[PDB]
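Heads up, my_file19.pdb below (PDB, C-alpha atoms and all ligand atoms):
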ATOM      1  CA  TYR A   1      82.441  86.145 116.804
ATOM      2  CA  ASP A   2      82.342  86.949 113.088
ATOM      3  CA  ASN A   3      85.792  86.828 111.530
ATOM      4  CA  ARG A   4      84.723  89.044 108.613
ATOM      5  CA  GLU A   5      83.606  91.676 111.120
ATOM      6  CA  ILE A   6      86.961  91.439 112.902
ATOM      7  CA  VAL A   7      88.801  91.996 109.605
ATOM      8  CA  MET A   8      86.543  94.861 108.479
ATOM      9  CA  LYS A   9      86.718  96.716 111.776
ATOM     10  CA  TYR A  10      90.474  96.279 112.024
ATOM     11  CA  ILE A  11      91.116  97.599 108.495
ATOM     12  CA  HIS A  12      88.620 100.431 108.850
ATOM     13  CA  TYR A  13      90.148 101.682 112.067
ATOM     14  CA  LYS A  14      93.663 101.443 110.624
ATOM     15  CA  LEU A  15      92.670 103.458 107.535
ATOM     16  CA  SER A  16      90.533 106.004 109.422
ATOM     17  CA  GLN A  17      93.482 106.805 111.658
ATOM     18  CA  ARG A  18      95.251 107.940 108.461
ATOM     19  CA  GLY A  19      92.309 110.038 107.282
ATOM     20  CA  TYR A  20      91.016 107.514 104.728
ATOM     21  CA  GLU A  21      87.298 106.777 105.005
ATOM     22  CA  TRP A  22      86.676 103.291 103.630
ATOM     23  CA  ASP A  23      82.999 103.189 102.679
ATOM     24  CA  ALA A  24      82.606  99.430 103.181
ATOM     25  CA  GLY A  25      84.080  99.893 106.638
ATOM     26  CA  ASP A  26      81.868 102.944 107.182
ATOM     27  CA  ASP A  27      78.795 100.760 106.730
ATOM     28  CA  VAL A  28      80.361  98.067 108.938
ATOM     29  CA  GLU A  29      80.842 100.604 111.764
ATOM     30  CA  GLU A  30      77.125 101.454 111.531
ATOM     31  CA  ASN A  31      75.758  97.961 112.247
ATOM     32  CA  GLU A  32      81.670  91.628 124.000
ATOM     33  CA  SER A  33      82.851  91.878 120.406
ATOM     34  CA  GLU A  34      84.083  95.394 121.162
ATOM     35  CA  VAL A  35      86.586  94.017 123.682
ATOM     36  CA  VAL A  36      87.939  91.674 120.992
ATOM     37  CA  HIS A  37      88.325  94.490 118.453
ATOM     38  CA  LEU A  38      89.962  96.753 121.033
ATOM     39  CA  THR A  39      92.359  94.073 122.269
ATOM     40  CA  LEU A  40      93.399  93.203 118.728
ATOM     41  CA  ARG A  41      94.074  96.886 118.002
ATOM     42  CA  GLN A  42      96.175  97.206 121.162
ATOM     43  CA  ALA A  43      98.105  94.029 120.422
ATOM     44  CA  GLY A  44      98.728  95.146 116.845
ATOM     45  CA  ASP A  45     100.012  98.540 117.989
ATOM     46  CA  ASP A  46     102.340  96.763 120.417
ATOM     47  CA  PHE A  47     103.574  94.447 117.654
ATOM     48  CA  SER A  48     104.201  97.349 115.293
ATOM     49  CA  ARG A  49     106.172  99.165 118.004
ATOM     50  CA  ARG A  50     108.292  96.061 118.679
ATOM     51  CA  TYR A  51     108.920  95.628 114.929
ATOM     52  CA  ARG A  52     108.867  99.299 113.918
ATOM     53  CA  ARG A  53     112.056  99.316 111.838
ATOM     54  CA  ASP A  54     111.258  95.996 110.148
ATOM     55  CA  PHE A  55     107.807  97.359 109.265
ATOM     56  CA  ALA A  56     109.296 100.479 107.695
ATOM     57  CA  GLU A  57     111.529  98.260 105.567
ATOM     58  CA  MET A  58     108.570  96.045 104.622
ATOM     59  CA  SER A  59     106.622  99.077 103.433
ATOM     60  CA  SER A  60     109.571  99.701 101.122
ATOM     61  CA  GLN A  61     109.620  96.004 100.037
ATOM     62  CA  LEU A  62     105.938  95.398  99.236
ATOM     63  CA  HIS A  63     106.329  96.580  95.629
ATOM     64  CA  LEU A  64     102.565  96.820  95.427
ATOM     65  CA  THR A  65     100.861  96.710  92.043
ATOM     66  CA  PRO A  66      97.268  95.838  91.105
ATOM     67  CA  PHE A  67      98.236  92.575  89.422
ATOM     68  CA  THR A  68     100.871  91.386  91.931
ATOM     69  CA  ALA A  69      99.258  92.402  95.247
ATOM     70  CA  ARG A  70      97.523  89.042  95.650
ATOM     71  CA  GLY A  71     100.799  87.170  95.171
ATOM     72  CA  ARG A  72     102.571  89.461  97.632
ATOM     73  CA  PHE A  73      99.891  88.753 100.227
ATOM     74  CA  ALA A  74     100.124  85.016  99.484
ATOM     75  CA  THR A  75     103.910  84.908  99.798
ATOM     76  CA  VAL A  76     104.050  86.836 103.050
ATOM     77  CA  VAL A  77     101.232  84.983 104.786
ATOM     78  CA  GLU A  78     102.517  81.547 103.730
ATOM     79  CA  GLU A  79     105.933  82.351 105.170
ATOM     80  CA  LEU A  80     104.456  83.880 108.342
ATOM     81  CA  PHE A  81     102.607  80.633 109.111
ATOM     82  CA  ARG A  82     105.312  78.202 107.949
ATOM     83  CA  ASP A  83     106.009  77.102 111.538
ATOM     84  CA  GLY A  84     102.343  76.964 112.575
ATOM     85  CA  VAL A  85      99.840  79.285 114.232
ATOM     86  CA  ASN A  86      99.931  81.172 117.529
ATOM     87  CA  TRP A  87      98.395  84.409 118.782
ATOM     88  CA  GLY A  88     101.435  86.542 117.965
ATOM     89  CA  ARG A  89     101.476  85.380 114.347
ATOM     90  CA  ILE A  90      97.738  86.089 114.082
ATOM     91  CA  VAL A  91      98.428  89.634 115.306
ATOM     92  CA  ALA A  92     101.286  89.889 112.783
ATOM     93  CA  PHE A  93      98.869  88.767 110.051
ATOM     94  CA  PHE A  94      96.405  91.530 110.948
ATOM     95  CA  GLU A  95      99.141  94.179 111.103
ATOM     96  CA  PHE A  96     100.493  93.011 107.742
ATOM     97  CA  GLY A  97      97.062  93.234 106.137
ATOM     98  CA  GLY A  98      96.701  96.703 107.601
ATOM     99  CA  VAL A  99     100.060  97.757 106.151
ATOM    100  CA  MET A 100      98.959  96.449 102.762
ATOM    101  CA  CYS A 101      95.752  98.496 102.957
ATOM    102  CA  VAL A 102      97.533 101.680 104.080
ATOM    103  CA  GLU A 103     100.108 101.279 101.308
ATOM    104  CA  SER A 104      97.347 100.658  98.747
ATOM    105  CA  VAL A 105      95.696 103.963  99.659
ATOM    106  CA  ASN A 106      99.020 105.819  99.788
ATOM    107  CA  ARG A 107     100.003 104.532  96.321
ATOM    108  CA  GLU A 108      96.708 105.408  94.565
ATOM    109  CA  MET A 109      95.650 101.754  94.536
ATOM    110  CA  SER A 110      92.685 102.084  96.886
ATOM    111  CA  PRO A 111      90.487  99.407  95.174
ATOM    112  CA  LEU A 112      92.936  96.846  96.564
ATOM    113  CA  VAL A 113      91.617  97.487 100.091
ATOM    114  CA  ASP A 114      88.463  95.542  99.323
ATOM    115  CA  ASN A 115      90.469  92.689  97.845
ATOM    116  CA  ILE A 116      92.790  92.577 100.845
ATOM    117  CA  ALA A 117      89.863  92.426 103.250
ATOM    118  CA  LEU A 118      88.506  89.459 101.309
ATOM    119  CA  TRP A 119      91.856  87.690 101.249
ATOM    120  CA  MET A 120      92.235  88.176 104.993
ATOM    121  CA  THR A 121      88.741  86.929 105.739
ATOM    122  CA  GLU A 122      89.227  83.870 103.563
ATOM    123  CA  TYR A 123      92.638  83.113 105.015
ATOM    124  CA  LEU A 124      91.328  83.371 108.554
ATOM    125  CA  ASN A 125      88.386  81.125 107.733
ATOM    126  CA  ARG A 126      90.418  78.479 105.945
ATOM    127  CA  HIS A 127      93.636  78.335 107.972
ATOM    128  CA  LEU A 128      93.241  80.058 111.334
ATOM    129  CA  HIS A 129      89.720  79.320 112.584
ATOM    130  CA  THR A 130      90.346  75.753 113.818
ATOM    131  CA  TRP A 131      93.431  76.828 115.740
ATOM    132  CA  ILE A 132      91.568  79.808 117.196
ATOM    133  CA  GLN A 133      88.669  77.695 118.406
ATOM    134  CA  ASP A 134      90.930  74.911 119.712
ATOM    135  CA  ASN A 135      92.869  77.504 121.734
ATOM    136  CA  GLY A 136      89.939  79.038 123.585
ATOM    137  CA  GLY A 137      88.700  81.412 120.915
ATOM    138  CA  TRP A 138      89.036  85.161 120.824
ATOM    139  CA  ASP A 139      87.941  85.203 124.481
ATOM    140  CA  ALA A 140      91.210  83.440 125.359
ATOM    141  CA  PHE A 141      93.125  85.991 123.298
ATOM    142  CA  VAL A 142      91.450  88.747 125.339
ATOM    143  CA  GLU A 143      92.271  87.005 128.622
ATOM    144  CA  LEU A 144      95.952  86.708 127.681
ATOM    145  CA  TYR A 145      96.537  90.079 126.029
ATOM    146  CA  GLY A 146      93.763  92.389 127.246
ATOM    147  CA  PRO A 147      93.599  94.575 130.344
ATOM    148  CA  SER A 148      93.557  91.833 132.977
ATOM    149  CA  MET A 149      96.521  91.499 135.301
ATOM    150  CA  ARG A 150      99.076  89.071 133.868
TER     151      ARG A 150
HETATM  152  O1  LIG B 201     105.527  86.547 120.904
HETATM  153  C1  LIG B 201     104.995  86.116 119.895
HETATM  154  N1  LIG B 201     103.835  85.374 119.946
HETATM  155  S1  LIG B 201     103.045  85.159 121.368
HETATM  156  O2  LIG B 201     101.877  84.403 121.062
HETATM  157  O3  LIG B 201     103.914  84.661 122.399
HETATM  158  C2  LIG B 201     102.486  86.753 121.875
HETATM  159  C3  LIG B 201     103.221  87.515 122.767
HETATM  160  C4  LIG B 201     102.743  88.748 123.158
HETATM  161  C5  LIG B 201     101.533  89.265 122.661
HETATM  162  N2  LIG B 201     101.072  90.493 123.053
HETATM  163  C6  LIG B 201     101.686  91.315 124.090
HETATM  164  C7  LIG B 201     101.063  92.707 124.131
HETATM  165  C8  LIG B 201      99.544  92.646 124.251
HETATM  166  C9  LIG B 201      98.959  94.034 124.370
HETATM  167  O4  LIG B 201      99.514  94.743 125.476
HETATM  168  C10 LIG B 201     100.925  94.877 125.347
HETATM  169  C11 LIG B 201     101.616  93.538 125.286
HETATM  170  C12 LIG B 201     100.811  88.461 121.752
HETATM  171  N3  LIG B 201      99.558  88.853 121.160
HETATM  172  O5  LIG B 201      99.062  89.935 121.458
HETATM  173  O6  LIG B 201      99.026  88.079 120.373
HETATM  174  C13 LIG B 201     101.290  87.215 121.364
HETATM  175  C14 LIG B 201     105.556  86.345 118.537
HETATM  176  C15 LIG B 201     105.294  85.430 117.512
HETATM  177  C16 LIG B 201     105.817  85.625 116.245
HETATM  178  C17 LIG B 201     106.618  86.740 115.973
HETATM  179  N4  LIG B 201     107.118  86.964 114.712
HETATM  180  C18 LIG B 201     107.816  88.211 114.371
HETATM  181  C19 LIG B 201     108.892  88.051 113.339
HETATM  182  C20 LIG B 201     108.355  87.359 112.094
HETATM  183  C21 LIG B 201     107.759  86.016 112.507
HETATM  184  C22 LIG B 201     106.694  86.156 113.561
HETATM  185  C23 LIG B 201     109.368  87.236 110.934
HETATM  186  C24 LIG B 201     108.757  88.501 110.296
HETATM  187  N5  LIG B 201     108.580  88.456 108.837
HETATM  188  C25 LIG B 201     109.827  88.143 108.125
HETATM  189  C26 LIG B 201     109.553  88.537 106.670
HETATM  190  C27 LIG B 201     108.288  89.389 106.724
HETATM  191  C28 LIG B 201     108.120  89.726 108.214
HETATM  192  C29 LIG B 201     106.722  90.109 108.643
HETATM  193  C30 LIG B 201     105.624  89.289 108.292
HETATM  194  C31 LIG B 201     104.352  89.614 108.729
HETATM  195  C32 LIG B 201     104.146  90.729 109.503
HETATM  196  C33 LIG B 201     105.215  91.541 109.862
HETATM  197  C34 LIG B 201     106.502  91.243 109.430
HETATM  198  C35 LIG B 201     107.641  92.130 109.811
HETATM  199  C36 LIG B 201     108.214  92.153 111.190
HETATM  200  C37 LIG B 201     107.485  93.329 110.698
HETATM  201  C38 LIG B 201     107.501  88.245 111.154
HETATM  202  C39 LIG B 201     106.840  87.678 116.988
HETATM  203  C40 LIG B 201     106.315  87.469 118.243
HETATM  204  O7  LIG B 201     106.590  88.419 119.222
HETATM  205  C41 LIG B 201     105.598  89.303 119.586
HETATM  206  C42 LIG B 201     106.022  90.314 120.507
HETATM  207  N6  LIG B 201     105.186  91.264 120.938
HETATM  208  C43 LIG B 201     103.932  91.205 120.478
HETATM  209  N7  LIG B 201     102.927  92.081 120.787
HETATM  210  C44 LIG B 201     101.789  91.701 120.118
HETATM  211  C45 LIG B 201     102.047  90.583 119.366
HETATM  212  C46 LIG B 201     103.417  90.250 119.571
HETATM  213  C47 LIG B 201     104.299  89.254 119.120
END

If you convert what's in this file into structure tokens, what do you get?
Amino acid sequence: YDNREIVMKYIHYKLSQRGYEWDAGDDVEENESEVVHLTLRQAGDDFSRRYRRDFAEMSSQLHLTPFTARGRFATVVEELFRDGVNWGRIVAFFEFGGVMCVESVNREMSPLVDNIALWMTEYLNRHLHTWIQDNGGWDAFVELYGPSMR
């Protein structure tokens, strides 16, 4: 699976469900990966429900600006992974990136979406890929958290 594609499709779906058409994502949508994208969306929606009130507070705490957005992303993701990697923290990472993109559009800072997608792709490639592959890959994520009987 292509980790950039996972990031792009996740962000694009999250934005499109708010009525924002992200052109980079529009061209991504035009090109069993679908089960991975779907399962990640479902897991992220479940995470955001479990943490709904904390997410509302975070949206108030992001303090997004063009010149500090990268540092906000860096601070949050470093703290999220301080105790190591697992599937739930990977889902949290995706949902956080999605919140950052939604907030960027809502605050008239839409260019940041492209930057956030890059930061997420690079973070996944540099920090999360070894763990993912050592733990059965995205196929193992789907087996654990997809539609199969638990
Ligand atoms: O359980 C965890 N990890 S797991 O591997 O066992 C597992 C369990 C279940 C699932 N799936 C079940 C779905 C499948 C679909 O069908 C329906 C059932 C999955 N997964 O799908 O991968 C994996 C787990 C790890 C860490 C964590 N943490 C929450 C608090 C923080 C640490 C991590 C602290 C908080 N930060 C503090 C400051 C900033 C804030 C922050 C940072 C980043 C993002 C958000 C936030 C704020 C909270 C909002 C994040 C919470 C966890 O709990 C959940 C509970 N349910 C979840 N559901 C989907 C993910 C999920 C995670």

**OP:** Name the residues in contact with stretch 126-143 of chain A at a cut-off of 10 Å, using only C-alpha atoms, excluding same-chain residues fewer than 2 positions from it; report them as a VMD selection string.
**Re:** chain A and resid 1 3 32 to 33 35 to 40 43 81 84 to 88 90 120 to 124 145 to 150

Original post:
On this structure, which residues satisfy the PyMOL selection byres (((not hetatm)) within 8 of (chain B and resi 201)), written as a count of residues only?
Top reply: 37

**OP:** Could you check how far atom CA of residue A:27 sits from atom CA of residue A:6, in Å to one decimal?
**Re:** 13.8 Å

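Proximity to stretch 12-25 of chain A at 9 Å, evaluated using all atoms listed in the file and with sequence-adjacent residues fewer than 3 positions away removed, yields residues 7, 8, 9, 28, 29, 30, 41, 98, 99, 101, 102, 105, 113 and 114 of chain A.
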
Original post:
Contacts of residue A:72 at 12 Å or less, counting all atoms listed in the file, minus same-chain residues fewer than 3 places along, as JSON, numbers by chain?
Top reply: {"A": [58, 59, 61, 62, 63, 64, 65, 66, 67, 68, 69, 75, 76, 77, 78, 79, 96, 97, 100, 116, 119]}

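Pairwise distance (atom CA of residue A:110, atom CA of residue A:49) equals 25.2 Å.
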
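Relative to atom CA of residue A:10, atom CA of residue A:26 is found at 11.9 Å.
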
Subject >> Counting all atoms listed in the file, the residue of A:125, A:115, A:106, A:34 that sits nearest residue A:73 >> reply: A:115

Subject >> Nearest residue to residue A:104 from the set A:11, A:57, A:31, A:2 (distances using all atoms listed in the file) >> reply: A:11
